[PDB]
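Residue numbers (PDB author numbering), protein chains in the order written: chain D, 8 to 161; chain C, 8 to 161; chain B, 8 to 161; chain A, 8 to 161. No residue lacks a Cβ here, since even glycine has one placed at the ideal position from N, Cα and C.
4 protein chains.
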Amino acid sequence: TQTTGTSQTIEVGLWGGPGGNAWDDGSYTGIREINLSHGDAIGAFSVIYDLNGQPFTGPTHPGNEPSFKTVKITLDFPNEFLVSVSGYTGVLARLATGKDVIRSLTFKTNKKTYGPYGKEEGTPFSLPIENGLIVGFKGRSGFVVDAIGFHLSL
Amino acid sequence: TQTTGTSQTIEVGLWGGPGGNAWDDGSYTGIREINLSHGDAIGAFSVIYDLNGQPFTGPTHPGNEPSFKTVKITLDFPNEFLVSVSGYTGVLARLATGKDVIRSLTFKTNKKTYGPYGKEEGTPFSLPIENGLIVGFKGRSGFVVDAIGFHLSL
Amino acid sequence: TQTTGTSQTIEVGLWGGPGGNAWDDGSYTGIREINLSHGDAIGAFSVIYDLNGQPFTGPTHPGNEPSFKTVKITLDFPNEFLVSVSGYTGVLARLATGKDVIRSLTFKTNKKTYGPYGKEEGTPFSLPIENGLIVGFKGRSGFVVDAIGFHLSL
Amino acid sequence: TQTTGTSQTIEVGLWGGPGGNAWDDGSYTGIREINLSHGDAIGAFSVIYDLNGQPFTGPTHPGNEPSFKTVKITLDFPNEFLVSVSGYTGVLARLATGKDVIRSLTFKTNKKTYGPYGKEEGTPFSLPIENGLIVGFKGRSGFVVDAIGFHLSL
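Here it is in structure tokens:
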């Protein structure tokens, strides 16, 4: 029985801490580009999704670590897609929060591996995908990415 | 195993004829507003979809019928959503094509019924929904709506 | 957010009347065989589904009309599958109910068409499928099939 | 466009190593009971699934560790369901293959946490779920569980 007008997708996560503010890009039809920043953790994180064959700029999550290395991951959409996302969660001492944040991220597509970005220190996590696609990102962000999760769909 | 970067949704239809030119809005997360025109058939058909909580203007399919009455169904999204779409398919003599078109359309939500619009002549068709949502429209259009179909999702 | 332990599928329908008693086979991974009976309407309707590569007999819905012609539709699973199901709904006078029942049914796969079975009288209905599969049947049955619906999945 | 008669579900994993023999229970409508054994790792792993309101015993994966302690996790289906599965993957001294096996497993439902079972040594992994359900298990087994994966559905 349908009780709401908003469609849904499987959602896994979040991995990371309770700090920062929650955000959810929602779901689309695929991923075209990922723009992030990294240093001793992951700072900025924004995505260019595919929306029915055309690019759609997702909401930005710039964080607040201007010193970080900026990176643009341009996927050969639609032939290239993520088959795994992994990383590390843990406290970043200098933040003085005592809460876990995303210290590192690695993106593996059917074509190549991007990363590891940030610092691989803390507790690892990984989401290998055998069938289906990540069609959206969600998480929490403050000065850095506190947590991350994914929307999945066939 | 995943072999493409484009996600998908269930698709039903089309109902109608082979005339006009094919179009497919793709899929989104919901429906906010439906714009259409009608007279002896359904002429224009355009939708304002929901895309993760924000409106997204779907591609237009105005057809070309100056005399048709225009209707703007503004749903109380997300509390109100379609639970059924029905109508009639059949030849419209004046088009001189001999091909079926969408003569009528009725939209029923969990709150009320909109229509019938057009003329209920020809062969009826209906898509009652018990679980899930219409998240996108597709079809064919010329001077009027030749055919219509739907993308469905939970 | 997940609030129940039972998974779900999109469900379309029901087409037919409010008579009889409700039944729902639930969802599986495909359809292998359909056994029905027909005359001036569709009486019995029972399915053998596929469950992860192996046959699984669903609950029976024989109705209570013993005089109909019995038919067995054995699909070449998994290469052959339904791409459309259509039929007619309408009153059957000898039932003395004045409520619609399933008068006729037609099953079209990517290989061939089965039917029409029963009597093509009343109001037609059709469910053409472009993407996705019927993975379960539901409906209402009394003396004959009063209504029918489908569980859909990618 | 549909090109096969078998439906599908999202599949995540595998977590663990390449040893043992691959197995896949397929997908169902939920989980009713989990039977496993553990010692210096996870040995046996068998599940009783829900299939449209009726239990369905999945194929067994007994492994081969007579000394392992057996555990039966009977969920209060459908009110109780897994919201997270986590564990550890790592080498076993007695295997001398340098390849990982599932050393530990922890099952968290919306009602309680079962485990940890086995030994929490090696590299941790976790699959927290925010929306959707695990409707099937897959993996690899020899004397113990080498790897594990999940079928997911809304």
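Three-state secondary structure (DSSP) of residue i
i	result
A100/D	helix
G60/A	coil
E40/A	strand
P73/A	coil
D153/C	strand
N28/D	strand
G12/C	coil
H45/C	strand
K126/A	coil
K118/D	coil
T81/C	strand
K145/D	strand
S34/B	coil
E18/A	strand
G65/C	coil
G139/A	coil
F132/A	strand
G105/B	coil
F52/C	strand
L161/A	coil
Cβ shell of residue i (< 8 Å), same chain only, five flanking positions each side left out
i	result
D83/D	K118
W30/C	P66, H68, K145, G146, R147 and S148
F63/A	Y35, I55, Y56 and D57
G37/D	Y56, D57, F84, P85, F88, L140 and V142
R101/A	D47
9 Å Cβ cut-off: residues of chain B touching residue i
i	result
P131/C	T130, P131 and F132
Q15/C	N138, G139 and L161
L21/C	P135 and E137
Contacts that residue i makes with chain C (C-beta to C-beta distance below 9 Å)
i	result
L112/B	Within 9 Å Cβ-Cβ: nothing; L112/B doesn't reach chain C, min ~16 Å.
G156/B	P135 and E137
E18/B	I136, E137, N138 and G139
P85/D	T11, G12 and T13
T8/D	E137 and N138
Contacts that residue i makes with chain C (C-beta to C-beta distance below 8 Å)
i	result
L58/B	Ordered by position in chain C, no residue passes the 8 Å Cβ test against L58/B, which lies about 20 Å from the chain.
Contact belief for residue i with residue j at Cβ below 8 Å, rounded distance in angstroms
i	j	result
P131/D	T8/A	Their Cβ separation, rounded to whole angstroms, is 39 Å, which puts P131/D and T8/A out of contact at 8 Å.
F114/A	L134/A	Not really, about 11 Å apart at Cβ, beyond 8 Å.
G60/C	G143/D	Not a contact, Cβ separation roughly 12 Å.
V54/C	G70/C	With a Cβ gap of about 14 Å, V54/C and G70/C do not count as contacting.
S111/B	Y95/B	4 Å
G20/D	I136/D	At roughly 13 Å, the Cβ-Cβ gap does not stay under 8 Å, so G20/D and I136/D are not in contact.
Close beta carbons around residue i, own chain, < 7 Å, minus the five adjacent residues each side
i	result
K79/C	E40 and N42
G139/D	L159, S160 and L161
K106/A	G24, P25, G26 and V98
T104/B	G26
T116/D	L82, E87, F88, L89 and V90
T13/B	none
Own chain, CB closer than 6 Å to residue i, minus 5 neighbours either side, in chain order
i	result
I17/B	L159
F75/B	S44, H45, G46 and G50
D153/A	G23, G24, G26, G27, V108 and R147
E72/B	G50, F150 and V151
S93/A	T113 and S133
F52/B	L43, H68 and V152
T77/A	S44
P123/A	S111 and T113
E127/D	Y95 and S111
Below-8 Å beta-carbon distance, residue i vs any chain F residue
i	result
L89/D	Looking at the structure shown, chain F is missing, and the protein chains on hand are D, C, B and A.
Cross-chain neighbours of residue i in chain C, by beta carbon under 7 Å
i	result
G70/D	Those do not exist, as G70/D stays about 21 Å from chain C at its closest Cβ, beyond 7 Å.
Contacts of residue i in chain A (Cβ-Cβ under 7 Å)
i	result
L43/D	Under the 7 Å cutoff, chain A gives no residues; its nearest Cβ is about 22 Å from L43/D.
Under 9 Å by beta carbon: chain A residues contacting residue i
i	result
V142/B	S14
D47/B	Residues of chain A passing the Cβ test: none, with the nearest at roughly 32 Å.
Where residue i meets chain D, residues with beta-carbon distance less than 8 Å
i	result
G146/C	By Cβ distance, chain D contributes nothing, its closest Cβ being about 15 Å from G146/C, past 8 Å.
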